[PDB]
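Scroll down for the structure; my scribbles are underneath it.
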Amino acid sequence: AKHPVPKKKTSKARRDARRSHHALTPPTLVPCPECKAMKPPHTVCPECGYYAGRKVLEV
Amino acid sequence: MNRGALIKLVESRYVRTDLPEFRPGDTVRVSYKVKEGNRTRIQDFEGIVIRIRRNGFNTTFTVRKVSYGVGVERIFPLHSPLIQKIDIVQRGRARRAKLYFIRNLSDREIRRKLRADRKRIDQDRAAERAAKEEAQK
Amino acid sequence: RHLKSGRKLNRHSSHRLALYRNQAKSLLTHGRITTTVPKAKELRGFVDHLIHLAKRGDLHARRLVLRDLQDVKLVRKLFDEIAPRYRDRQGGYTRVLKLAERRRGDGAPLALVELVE
Amino acid sequence: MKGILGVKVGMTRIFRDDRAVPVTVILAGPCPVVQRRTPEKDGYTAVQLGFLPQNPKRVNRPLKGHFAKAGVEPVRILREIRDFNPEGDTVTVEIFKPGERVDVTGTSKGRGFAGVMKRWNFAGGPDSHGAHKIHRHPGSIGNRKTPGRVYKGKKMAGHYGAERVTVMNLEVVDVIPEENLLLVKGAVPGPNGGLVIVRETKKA
Amino acid sequence: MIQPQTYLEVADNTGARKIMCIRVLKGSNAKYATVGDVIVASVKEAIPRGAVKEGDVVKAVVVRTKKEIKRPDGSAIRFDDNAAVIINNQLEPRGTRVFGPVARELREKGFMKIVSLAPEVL
RNA sequence: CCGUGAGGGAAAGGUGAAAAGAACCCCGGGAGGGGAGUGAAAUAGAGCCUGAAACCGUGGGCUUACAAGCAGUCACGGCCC
RNA sequence: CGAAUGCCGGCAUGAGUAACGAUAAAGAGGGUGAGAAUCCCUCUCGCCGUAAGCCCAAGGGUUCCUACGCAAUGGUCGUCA
RNA sequence: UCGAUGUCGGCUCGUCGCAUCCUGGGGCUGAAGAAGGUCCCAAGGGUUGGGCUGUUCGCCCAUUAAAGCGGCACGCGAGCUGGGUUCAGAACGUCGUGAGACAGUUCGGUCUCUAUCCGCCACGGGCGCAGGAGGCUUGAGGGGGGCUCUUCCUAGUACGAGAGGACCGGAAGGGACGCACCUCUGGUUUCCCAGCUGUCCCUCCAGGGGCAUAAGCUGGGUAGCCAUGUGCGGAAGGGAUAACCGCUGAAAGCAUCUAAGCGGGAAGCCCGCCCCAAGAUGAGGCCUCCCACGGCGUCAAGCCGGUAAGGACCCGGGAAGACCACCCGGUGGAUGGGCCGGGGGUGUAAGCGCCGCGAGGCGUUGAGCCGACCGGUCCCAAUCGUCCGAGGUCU
Ligand SMILES: [Mg+2]
Ligand SMILES: [Mg+2]
Ligand SMILES: [Mg+2]
Ligand SMILES: [Mg+2]
Ligand SMILES: [Mg+2]
Ligand SMILES: [Mg+2]
Ligand SMILES: [Mg+2]
Ligand SMILES: [Mg+2]
Ligand SMILES: [Mg+2]
Ligand SMILES: [Mg+2]
Ligand SMILES: [Mg+2]
Ligand SMILES: [Mg+2]
Ligand SMILES: [Mg+2]
Ligand SMILES: [Mg+2]
Ligand SMILES: [Mg+2]
Ligand SMILES: [Mg+2]
Ligand SMILES: [Mg+2]
Ligand SMILES: [Mg+2]
Ligand SMILES: [Mg+2]
Ligand SMILES: [Mg+2]
Ligand SMILES: [Mg+2]
Ligand SMILES: [Mg+2]
Ligand SMILES: [Mg+2]
Ligand SMILES: [Mg+2]
Ligand SMILES: [Mg+2]
Ligand SMILES: [Mg+2]
Ligand SMILES: [Mg+2]
Ligand SMILES: [Mg+2]
Ligand SMILES: [Mg+2]
Ligand SMILES: [Mg+2]
Ligand SMILES: [Mg+2]
Ligand SMILES: [Mg+2]
Ligand SMILES: [Mg+2]
Ligand SMILES: [Mg+2]
Ligand SMILES: [Mg+2]
Ligand SMILES: [Mg+2]
Ligand SMILES: [Mg+2]
Ligand SMILES: [Mg+2]
Ligand SMILES: [Mg+2]
Ligand SMILES: [Mg+2]
Ligand SMILES: [Mg+2]
Ligand SMILES: [Mg+2]
Ligand SMILES: [Mg+2]
Ligand SMILES: [Mg+2]
Ligand SMILES: [Mg+2]
Ligand SMILES: [Mg+2]
Ligand SMILES: [Mg+2]
Ligand SMILES: [Mg+2]
Ligand SMILES: [Mg+2]
Ligand SMILES: [Mg+2]
Ligand SMILES: [Mg+2]
Ligand SMILES: [Mg+2]
Ligand SMILES: [Mg+2]
Ligand SMILES: [Mg+2]
Ligand SMILES: [Mg+2]
Ligand SMILES: [Mg+2]
Ligand SMILES: [Mg+2]
Ligand SMILES: [Mg+2]
Ligand SMILES: [Mg+2]
Ligand SMILES: [Mg+2]
Ligand SMILES: [Mg+2]
Ligand SMILES: [Mg+2]
Ligand SMILES: [Mg+2]
Ligand SMILES: [Mg+2]
């Protein structure tokens with residue numbers, strides 16, 4: 001109800017310009033040197049991990 | 001470069017490893033006290049030694065005597081031109097490293113609490129290199 | 001202006017000492033712990049210290065490990081399964097890897113702490 | 001005009017036999033000149049200096065070995081001395097002689113968003129007698145409707161530190177060119193490991 | 001670091017046991033008086049048959065402080081009560097004596113009568 | 001629904017001719033879709049006829065990052081229809 | 001109809017901003033599941049313990065329990081409730 | 001303006017004026033000297049701490065070189081206080097028959113988490129700067145600081161009807177104020193160490209842990225950050241000036257600082273000193289690195305796809321930091337974590353043995369534990385990579 005309040009409605013211009021830098025950055029993906037799935041980097045993602053990595057279900 | 005404090009120790013050629021390595025026991029000897037146009041003024045100092053803060057060089061130790069009606073603490077740099085800093089009684093036995101508890105009490109409880117470091121006052125006396133084996137061999 | 005300085009925190013003191021104890025009780029038991037990454041990066045120093053205390057096979061080291069790990073049935077397993085397992089690896093026992101398939105629903109990066117073989 | 005690049009490596013009080021001069025230790029190393037900025041192609045009569053040469057092939061396109069002892073360019077990166085003119089090469093410390101004052105210019109220890117009562121030494125507010133949420137606030141930052149704005153030079157909360165600051169007239173108390181040190185009396189700005197340029201004096 | 005409203009265990013034979021530092025006598029708006037400086041002091045306690053009385057606003061040199069007087073030679077003296085000597089307005093002591101120790105900054109501050117008259121200039 | 005209570009006291013209609021209200025797939029846990037099918041019509045598909053506007057998107061044209069404004073208007077000029 | 005600090009409905013802006021409702025405190029391993037910090041179990045950790053534990057009245061009314069669920073209600077998610 | 005412009009004072013932050021309270025100049029002086037008075041220039045810097053009052057203002061106290069007069073909504077309540085004042089309660093004096101009233105006192109009395117735009121302090125993203133990049137830097141334009149005293153030598157001599165005491169200079173210390181920094185002094189240091197309590201637990205003794213300010217408490221506490229600490233700074237030095245004094249000299253044969261000219265001269269002005277700073281569309285300069293056209297026309301084509309020099313993405317980080325940036329690294333690597341050594345903090349660990357009925361004392365033991373600090377050491381983590389990135393035709 002109180003002390004700090006919007007004096008005016010921010011229009012489409014200033015609202016959709018303040019929502020410029022809230023565009024999301026696409027994630028980083030690298031192709032996993034064992035088989036070609038797109039892990040993020042430095043990440044033991046569900047293929048093998050690193051060389052001799054900690055396994056989900058594999059030999 | 002990669003020796004950011006080996007530099008700081010090699011820069012310290014000012015060190016004085018000739019003072020006794022005392023724990024907070026009781027050091028009583030001279031200072032520099034240059035005044036009156038003449039340097040040669042060698043005023044002693046009594047007193048329990050309270051704290052030895054260390055930084056390798058410039059370890060500055062505090063010695064507190066109670067002079068003439070009141071306490072007085074003096075924080076000597078230990079690597080300045082102090083001539084001698086011999087200690088009367090390597091004593092205390094001193095559980096506390098930095099013993100500021102003798103501020104609030106200033107009395108016979110000092111006697112009752114810095115009792116006897118009989119270990120060090122035996123061994124740094126029986127480190128007497130004061131025999132009569134010289135001028136023979 | 002802090003952080004000219006050492007370790008990290010999110011909880012209070014008596015919660016961090018017993019957060020490190022609780023993750024150590026599970027890393028020394030199982031071996032693979034899936035925390036977040038900022039928990040793991042200061043789990044590694046604590047458990048590295050516990051392994052290195054246990055590398056000293058003597059009794060004061062047993063009591064110093066027991067100062068943290070209040071279980072002693074665990075420290076049986078430590079001192080004769082984890083401590084002689086290295087015996088040569090001077091420092092740096094546990095490893096920490098980041099994960100994908102992150103902590104879905106709060107988005108924390110999970111991390112997997114193995115000891116090592 | 002008597003310039004050098006160096007590292008603040010710590011402070012130590014040393015003794016000029018009567019007092020305890022509380023010096024710092026600048027590691028004013030042998031700085032190889034890498035480009036003498038001439039006044040007829042630039043207008044400066046300045047000299048780019050260098051520092052530590054062990055840069056394992058992080059030396060990209062400023063490879064720039066156009067000096068006869070270039071000493072492949074430091075990631076302890078180039079700075080200038082603005083009115084310098086050396087005579088030989090790789091200026092060390094011997095340009096400075098003990099007893100001459102220097103101005104030490106370095107990046108100070110940044111304190112982040114060290115807001116006011118820390119940045120501009122404000123007197124904050126009362127810690128008692130009344131409300132509480134103003135203990136470290138600046139309070140007023142202007143007047144009412146005339147001017148009806150904050151003056152643009154206003155002291156407020158900001159990025160304190162991490163800007164170059166120069167302490168003028170620091171006595172060089174000693175040099176140790178056995179390991180190429182430089183010892184000035186007082187507070188060289190910056191961390192114990194940070195970069196400081198050490199210039200000639202602006203006394204006269 | 002004697003400041004206004006300090007109490008100072010007076011050390012001389014004037015009549016003062018304790019004086020409160022009214023105003024430091026350094027420059028214009030000086031914050032503290034350390035050892036060797038002149039304060040202004042209103043005598044709060046009385047030796048009964050004293051020369052000064054309980055209220056004689058009198059200048060005083062500060063001879064002891066609880067705060068550590070960092071001497072230029074690296075060491076630091078530190079006493080165990082703030083003390084002051086009553087001073088006649090030509091910067092000269094008022095009493096015949098002075099009790100225990102003073103700091104030796106008083107010689108370069110210009111209080112050589114106190115440093116001669118005090119039994120241990122520490 | 002609010003009110004202890006006396007009392008106050010709302011909003012909320014429309015598939016299509018007929019439910020023929022979507023069998024069977026495919027994705028998905030399902031919801032929801034895309035096919036197939038119904039029907040004249042399914043941007044008539046279920047609190048479903050028409051379904052405007054505010055609003056929110058996407059695609060295209062022109063236009064802007066040295067500009068100043070009650071946001072227009074007049075004048076030329078540039079560019080796609 | 002353009003104004004009544006109008007009325008009703010809608011949708012904005014504020015804004016992905018403040019908050020998420022106690023500074024008692026969580027961590028891990030298995031499950032289950034399509035999906036998990038949140039569900040179950042285990043093992044530590046913590047918190048109350050003149051209660052933050054039991055029992056009975058007042059009141060509320062089926063919230064009890066089990067099984068099938070998760071759109072909706074849980075200030076997140078939710079197989080749980 | 002009453003569909004609200006919150007209102008006195010204080011705190012905080014200021015900023016400005018000059019009609020100046022000091023400080024810098026100067027003129028006269030009933031100006032011997034020291035003072036001072038008055039007036040002219042002069043805001044660049046200051047302009048204290050208190051007692052009383054709600055007080056602005058005053059009276060004092062102790063200083064000071066001076067304790068400026070104001071403005072800025074009697075600056076400042078989307079900053080705070082509410083003591084006062086303008087709420088209800090109460091009371092006193094008084095007026096009122098009375099309810100009640102009193103800038104007449106007296107006591108008490110809700111002063112409202114979220115900043116939308118401008119403004120400001122900061123820090124970024126985008127794009128620009130007809131090649132694209134890594135560095136470095138000139139400084140257009142700013143901003144910051146701009147103080148001032150005391151003492152001494154000048155000499156206690158010029159002066160002095162007086163014995164007080166100079167101008168001109170030169171040092172040495174101070175006082176605040178600002179910048180920067182841990183060497184010292186001193187704080188904090190949240191688990192680094194120790195002691196101790198009570199309880200519970202592990203395992204009974206010993207030992208240890210949990211809990212008791214989200215540290216049980218207490219004693220210490222490196223690095224960090226800090227001031228009360230330390231070191232710096234104010235300027236010298238040009239140039240033009242104000243008032244004010246000139247020199248030369250007419251108009252007016254003389255004089256006059258002025259009309260032609262030219263000199264001194266102020267803490268003031270500009271530059272010097274420090275910091276930012278090319279977004280300075282005026283978008284700079286210098287050094288270095290990389291450079292086809294194959295493709296779709298009224299053509300190196302305005303649009304993409306592969307390009308390098310490089311830059312990102314990511315990760316290890318950081319005296320860098322809210323995020324982002326910035327800086328350092330990514331196996332060739334000492335970047336973080338570990339271990340090792342040292343500094344450092346604690347203060348003789350545990351265990352054993354001995355003494356003592358015993359709480360404990362003893363040796364082993366400055367031992368052990370050890371947060372950052374200073375370095376070593378690939379032991380673990382920065383594996384792997386992925387993506388942008390010109391090809392410049394134009395006077
Ligand atoms: Mg408010
Ligand atoms: Mg909008
Ligand atoms: Mg958008
Ligand atoms: Mg006794
Ligand atoms: Mg670090
Ligand atoms: Mg920093
Ligand atoms: Mg305060
Ligand atoms: Mg409040
Ligand atoms: Mg309140
Ligand atoms: Mg009397
Ligand atoms: Mg009297
Ligand atoms: Mg009801
Ligand atoms: Mg019909
Ligand atoms: Mg379906
Ligand atoms: Mg509809
Ligand atoms: Mg319809
Ligand atoms: Mg569009
Ligand atoms: Mg322009
Ligand atoms: Mg343009
Ligand atoms: Mg116009
Ligand atoms: Mg309408
Ligand atoms: Mg109307
Ligand atoms: Mg109308
Ligand atoms: Mg409405
Ligand atoms: Mg809405
Ligand atoms: Mg906001
Ligand atoms: Mg916010
Ligand atoms: Mg929030
Ligand atoms: Mg608790
Ligand atoms: Mg409890
Ligand atoms: Mg149930
Ligand atoms: Mg749902
Ligand atoms: Mg839900
Ligand atoms: Mg299920
Ligand atoms: Mg009004
Ligand atoms: Mg209005
Ligand atoms: Mg005269
Ligand atoms: Mg004037
Ligand atoms: Mg002023
Ligand atoms: Mg004012
Ligand atoms: Mg006002
Ligand atoms: Mg208010
Ligand atoms: Mg306001
Ligand atoms: Mg009030
Ligand atoms: Mg109140
Ligand atoms: Mg009457
Ligand atoms: Mg009350
Ligand atoms: Mg904002
Ligand atoms: Mg002089
Ligand atoms: Mg310190
Ligand atoms: Mg206990
Ligand atoms: Mg417990
Ligand atoms: Mg606690
Ligand atoms: Mg400390
Ligand atoms: Mg003449
Ligand atoms: Mg002239
Ligand atoms: Mg200027
Ligand atoms: Mg540029
Ligand atoms: Mg370590
Ligand atoms: Mg040590
Ligand atoms: Mg022992
Ligand atoms: Mg026995
Ligand atoms: Mg060590
Ligand atoms: Mg250090």
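Chain labels follow the order of the structure tokens: the first chain is A, the next B, and so on; residue numbering restarts at 1 in every chain, and ligands are counted from 1 in their shown order.
All residues, whether protein, DNA or RNA, that have an atom at most 9 Å from ligand 46 (counting only C-alpha atoms (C1' of nucleotides) and all ligand atoms) are residues 95, 96 and 97 of chain H.
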Given the selection you just returned, output its residues as a file containing N, CA and C atoms (P, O5', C5', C4', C3', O3' and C1' of nucleotides), formatted as a PDB file, in the first residue's frame.
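What follows is the written file selection-v2.pdb:
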ATOM      1  P     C H  95     -10.271  33.726  37.542  1.00  0.00           P
ATOM      2  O5'   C H  95     -11.168  33.803  36.243  1.00  0.00           O
ATOM      3  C5'   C H  95     -10.809  34.700  35.214  1.00  0.00           C
ATOM      4  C4'   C H  95     -11.389  34.307  33.888  1.00  0.00           C
ATOM      5  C3'   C H  95     -12.823  33.853  33.894  1.00  0.00           C
ATOM      6  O3'   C H  95     -13.766  34.893  34.058  1.00  0.00           O
ATOM      7  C1'   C H  95     -11.577  32.407  32.539  1.00  0.00           C
ATOM      8  P     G H  96     -15.037  34.676  35.015  1.00  0.00           P
ATOM      9  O5'   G H  96     -15.875  33.554  34.276  1.00  0.00           O
ATOM     10  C5'   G H  96     -16.412  33.810  32.994  1.00  0.00           C
ATOM     11  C4'   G H  96     -16.836  32.547  32.298  1.00  0.00           C
ATOM     12  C3'   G H  96     -17.878  31.739  33.006  1.00  0.00           C
ATOM     13  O3'   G H  96     -19.157  32.324  32.949  1.00  0.00           O
ATOM     14  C1'   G H  96     -16.262  30.297  32.123  1.00  0.00           C
ATOM     15  P     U H  97     -19.905  32.671  34.316  1.00  0.00           P
ATOM     16  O5'   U H  97     -19.835  31.310  35.119  1.00  0.00           O
ATOM     17  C5'   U H  97     -20.000  31.290  36.518  1.00  0.00           C
ATOM     18  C4'   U H  97     -20.982  30.224  36.897  1.00  0.00           C
ATOM     19  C3'   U H  97     -20.668  28.829  36.394  1.00  0.00           C
ATOM     20  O3'   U H  97     -19.829  28.143  37.290  1.00  0.00           O
ATOM     21  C1'   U H  97     -22.967  29.350  36.055  1.00  0.00           C
TER      22        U H  97
END
**Request:** Quick one: everything within 12 Å of residue D:105, counting only C-alpha atoms (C1' of nucleotides), minus sequence neighbours fewer than 4 positions away in the same chain. Send it as a ChimeraX atom specification.
**Result:** /D:3-8,26,79-81,162-170,187-190,194-201 /H:179-180,274-275
**Request:** Do me a favour and pick out the residues of chain E within 12 Å of chain D, using only C-alpha atoms, as a ChimeraX atom specification.
**Result:** /E:70-76
**Request:** Please write out the residues within 12 Å of ligand 29 as an MDAnalysis selection string, counting only C-alpha atoms (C1' of nucleotides) and all ligand atoms.
**Result:** (chainID C and resid 12:15) or (chainID G and resid 23:25 46:48) or (chainID H and resid 210:216)
**Request:** Tell me which protein, DNA and RNA residues are within 10 Å of stretch 53-55 of chain B, counting only C-alpha atoms (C1' of nucleotides), leaving out same-chain ones fewer than 5 positions away, and put them as a ChimeraX atom specification.
**Result:** /B:60-62,75,77,97-98 /D:12 /H:183,222,343-345
Residue selection dump (N, CA and C atoms (P, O5', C5', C4', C3', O3' and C1' of nucleotides)) as a PDB file, in the first residue's frame:
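Okay, this is what ended up in again.pdb:
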ATOM      1  N   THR B  60      57.865  -8.710  19.104  1.00  0.00           N
ATOM      2  CA  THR B  60      57.914  -7.599  20.036  1.00  0.00           C
ATOM      3  C   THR B  60      57.318  -8.055  21.358  1.00  0.00           C
ATOM      4  N   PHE B  61      58.152  -8.164  22.383  1.00  0.00           N
ATOM      5  CA  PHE B  61      57.740  -8.774  23.636  1.00  0.00           C
ATOM      6  C   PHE B  61      57.470  -7.719  24.696  1.00  0.00           C
ATOM      7  N   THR B  62      56.456  -7.957  25.518  1.00  0.00           N
ATOM      8  CA  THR B  62      55.983  -6.984  26.488  1.00  0.00           C
ATOM      9  C   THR B  62      56.431  -7.379  27.877  1.00  0.00           C
ATOM     10  N   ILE B  75      57.041  -2.526  25.497  1.00  0.00           N
ATOM     11  CA  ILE B  75      56.908  -3.502  24.430  1.00  0.00           C
ATOM     12  C   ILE B  75      58.133  -3.456  23.534  1.00  0.00           C
ATOM     13  N   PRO B  77      61.202  -4.352  20.930  1.00  0.00           N
ATOM     14  CA  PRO B  77      61.159  -4.993  19.609  1.00  0.00           C
ATOM     15  C   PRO B  77      62.019  -6.235  19.462  1.00  0.00           C
ATOM     16  N   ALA B  97      49.983 -18.372  27.383  1.00  0.00           N
ATOM     17  CA  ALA B  97      51.031 -17.856  26.515  1.00  0.00           C
ATOM     18  C   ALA B  97      51.180 -16.360  26.688  1.00  0.00           C
ATOM     19  N   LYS B  98      50.121 -15.620  26.420  1.00  0.00           N
ATOM     20  CA  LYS B  98      50.113 -14.178  26.598  1.00  0.00           C
ATOM     21  C   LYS B  98      49.314 -13.890  27.857  1.00  0.00           C
TER      22      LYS B  98
ATOM     23  N   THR D  12      58.088  -4.576   6.556  1.00  0.00           N
ATOM     24  CA  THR D  12      58.955  -4.976   7.651  1.00  0.00           C
ATOM     25  C   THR D  12      59.496  -3.694   8.239  1.00  0.00           C
TER      26      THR D  12
ATOM     27  P     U H 183      52.255  -7.922   8.360  1.00  0.00           P
ATOM     28  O5'   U H 183      53.654  -7.438   8.889  1.00  0.00           O
ATOM     29  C5'   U H 183      54.141  -6.208   8.412  1.00  0.00           C
ATOM     30  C4'   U H 183      55.133  -5.595   9.342  1.00  0.00           C
ATOM     31  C3'   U H 183      54.623  -5.311  10.734  1.00  0.00           C
ATOM     32  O3'   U H 183      54.679  -6.438  11.590  1.00  0.00           O
ATOM     33  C1'   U H 183      55.663  -3.390   9.880  1.00  0.00           C
ATOM     34  P     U H 222      47.060 -12.709  15.957  1.00  0.00           P
ATOM     35  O5'   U H 222      48.534 -12.959  15.461  1.00  0.00           O
ATOM     36  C5'   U H 222      48.900 -12.551  14.173  1.00  0.00           C
ATOM     37  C4'   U H 222      49.135 -13.711  13.248  1.00  0.00           C
ATOM     38  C3'   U H 222      48.644 -13.489  11.848  1.00  0.00           C
ATOM     39  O3'   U H 222      49.457 -12.585  11.133  1.00  0.00           O
ATOM     40  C1'   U H 222      48.115 -15.684  12.513  1.00  0.00           C
ATOM     41  P     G H 343      59.765 -21.731  11.539  1.00  0.00           P
ATOM     42  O5'   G H 343      59.804 -20.313  10.849  1.00  0.00           O
ATOM     43  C5'   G H 343      59.345 -19.189  11.536  1.00  0.00           C
ATOM     44  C4'   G H 343      58.290 -18.455  10.767  1.00  0.00           C
ATOM     45  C3'   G H 343      57.121 -18.045  11.604  1.00  0.00           C
ATOM     46  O3'   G H 343      57.420 -16.969  12.461  1.00  0.00           O
ATOM     47  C1'   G H 343      56.341 -18.857   9.548  1.00  0.00           C
ATOM     48  P     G H 344      57.380 -17.202  14.044  1.00  0.00           P
ATOM     49  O5'   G H 344      55.834 -17.100  14.354  1.00  0.00           O
ATOM     50  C5'   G H 344      55.067 -16.082  13.741  1.00  0.00           C
ATOM     51  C4'   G H 344      53.640 -16.497  13.594  1.00  0.00           C
ATOM     52  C3'   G H 344      53.041 -17.089  14.831  1.00  0.00           C
ATOM     53  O3'   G H 344      52.668 -16.085  15.736  1.00  0.00           O
ATOM     54  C1'   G H 344      52.424 -18.374  12.964  1.00  0.00           C
ATOM     55  P     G H 345      52.924 -16.279  17.296  1.00  0.00           P
ATOM     56  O5'   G H 345      51.491 -16.681  17.807  1.00  0.00           O
ATOM     57  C5'   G H 345      50.360 -16.176  17.133  1.00  0.00           C
ATOM     58  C4'   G H 345      49.206 -17.106  17.301  1.00  0.00           C
ATOM     59  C3'   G H 345      49.164 -17.784  18.635  1.00  0.00           C
ATOM     60  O3'   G H 345      48.679 -16.903  19.613  1.00  0.00           O
ATOM     61  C1'   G H 345      48.682 -19.334  16.945  1.00  0.00           C
TER      62        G H 345
END
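Nearest to chain D of all the residues H:15, H:63, H:56, H:281 is H:15, counting only C-alpha atoms (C1' of nucleotides).
If one restricts the calculation to only C-alpha atoms (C1' of nucleotides) and all ligand atoms, the set of residues situated within 10 Å of ligand 41 consists of residues 143 and 144 of chain D; 7, 8, 9, 73, 74, 75 and 76 of chain H.
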List the spatial neighbours of residue E:7 as a PDB file with N, CA, C and O atoms, in the first residue's frame - criterion: any atom at most 7 Å away, only C-alpha atoms (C1' of nucleotides), same-chain residues fewer than 4 positions off excluded.
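Produced file out_17.pdb, reproduced below:
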ATOM      1  N   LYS E  18      42.347  13.453  41.894  1.00  0.00           N
ATOM      2  CA  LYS E  18      41.902  13.116  40.555  1.00  0.00           C
ATOM      3  C   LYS E  18      41.425  14.368  39.855  1.00  0.00           C
ATOM      4  O   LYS E  18      40.635  15.126  40.417  1.00  0.00           O
ATOM      5  N   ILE E  19      41.892  14.585  38.636  1.00  0.00           N
ATOM      6  CA  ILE E  19      41.431  15.715  37.846  1.00  0.00           C
ATOM      7  C   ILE E  19      40.763  15.199  36.589  1.00  0.00           C
ATOM      8  O   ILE E  19      41.194  14.207  36.004  1.00  0.00           O
ATOM      9  N   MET E  20      39.694  15.853  36.192  1.00  0.00           N
ATOM     10  CA  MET E  20      39.018  15.531  34.955  1.00  0.00           C
ATOM     11  C   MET E  20      39.535  16.447  33.867  1.00  0.00           C
ATOM     12  O   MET E  20      39.500  17.661  34.023  1.00  0.00           O
ATOM     13  N   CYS E  21      40.006  15.869  32.776  1.00  0.00           N
ATOM     14  CA  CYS E  21      40.505  16.639  31.644  1.00  0.00           C
ATOM     15  C   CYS E  21      39.382  17.422  30.980  1.00  0.00           C
ATOM     16  O   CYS E  21      38.462  16.842  30.409  1.00  0.00           O
TER      17      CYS E  21
END
**Prompt:** So which residues touch stretch 2-10 of chain B within 12 Å, counting only C-alpha atoms (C1' of nucleotides), skipping near sequence neighbours fewer than 6 positions away, as a PyMOL selection string?
**Reply:** (chain B and resi 55-58) or (chain D and resi 7-14+23-27+52+54+176-183+191-194) or (chain H and resi 183+334+342-343+373-376)
**Prompt:** Quick one: residues within 12 Å of ligand 31, with only C-alpha atoms (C1' of nucleotides) and all ligand atoms, as a VMD selection string?
**Reply:** chain G and resid 62 to 67 80 to 81
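DSSP, applied to the backbone of this structure, assigns strand (DSSP E) to the following residues of stretch 105-182 of chain D: residues 105, 106, 107, 164, 165, 166, 167, 168, 169, 170, 171, 172, 173, 174 and 182 of chain D.
Using only C-alpha atoms (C1' of nucleotides) and all ligand atoms, residues with at least one atom at most 9 Å away from any atom of ligand 5 are residues 3, 4, 5, 6 and 7 of chain C; 317, 318, 336 and 372 of chain H.
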**Item:** Selection as a PyMOL selection string: residues within 12 Å of ligand 62 by only C-alpha atoms (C1' of nucleotides) and all ligand atoms
**Value:** chain H and resi 354-358
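For the choices A:41, A:5, A:51, A:12, the atom-to-atom distance to chain F is smallest for A:12 when using only C-alpha atoms (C1' of nucleotides).
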**Request:** Name each residue within 7 Å of ligand 35, counting only C-alpha atoms (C1' of nucleotides) and all ligand atoms, as a list in words.
**Result:** residues 1, 2, 4 and 5 of chain H
List the neighbours of residue D:111 out to 6 Å using only C-alpha atoms (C1' of nucleotides); skip same-chain residues closer than 2 positions along the sequence, and give me the result as a PDB file with N, CA and C atoms, in the first residue's frame.
ATOM      1  N   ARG C   1      34.582  -6.306   4.039  1.00  0.00           N
ATOM      2  CA  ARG C   1      35.192  -7.035   2.936  1.00  0.00           C
ATOM      3  C   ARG C   1      35.890  -8.271   3.442  1.00  0.00           C
TER       4      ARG C   1
ATOM      5  N   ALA D 114      31.921  -1.361  -1.061  1.00  0.00           N
ATOM      6  CA  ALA D 114      32.091  -0.879   0.294  1.00  0.00           C
ATOM      7  C   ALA D 114      31.322   0.408   0.400  1.00  0.00           C
ATOM      8  N   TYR D 160      34.638   0.897  -3.845  1.00  0.00           N
ATOM      9  CA  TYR D 160      35.805   1.423  -3.165  1.00  0.00           C
ATOM     10  C   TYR D 160      37.029   0.607  -3.513  1.00  0.00           C
ATOM     11  N   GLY D 161      38.156   1.266  -3.647  1.00  0.00           N
ATOM     12  CA  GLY D 161      39.383   0.551  -3.912  1.00  0.00           C
ATOM     13  C   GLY D 161      39.451   0.066  -5.341  1.00  0.00           C
TER      14      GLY D 161
END
**Item:** DSSP helix (DSSP H, G or I) residues within stretch 2-115 of chain E, listed as a ChimeraX atom specification
**Value:** /E:106-109,112-115
Keeping C-alpha atoms for every residue in the selection just given, could you write it to a file as a PDB file, in the first residue's frame?
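As written to disk, again-v1.pdb reads:
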ATOM      1  CA  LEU E 106      58.386  15.063  28.401  1.00  0.00           C
ATOM      2  CA  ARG E 107      61.950  16.175  27.650  1.00  0.00           C
ATOM      3  CA  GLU E 108      61.210  16.925  24.015  1.00  0.00           C
ATOM      4  CA  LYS E 109      57.787  18.194  25.018  1.00  0.00           C
ATOM      5  CA  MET E 112      62.431  19.028  32.088  1.00  0.00           C
ATOM      6  CA  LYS E 113      61.494  20.033  35.626  1.00  0.00           C
ATOM      7  CA  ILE E 114      59.119  17.064  35.798  1.00  0.00           C
ATOM      8  CA  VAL E 115      61.712  14.768  34.311  1.00  0.00           C
TER       9      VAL E 115
END
**Request:** Grab me every residue within 10 Å of ligand 43, counting only C-alpha atoms (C1' of nucleotides) and all ligand atoms, and send it over as an NGL selection string.
**Result:** (:D and (140 or 142-145)) or (:H and (6 or 76-79))
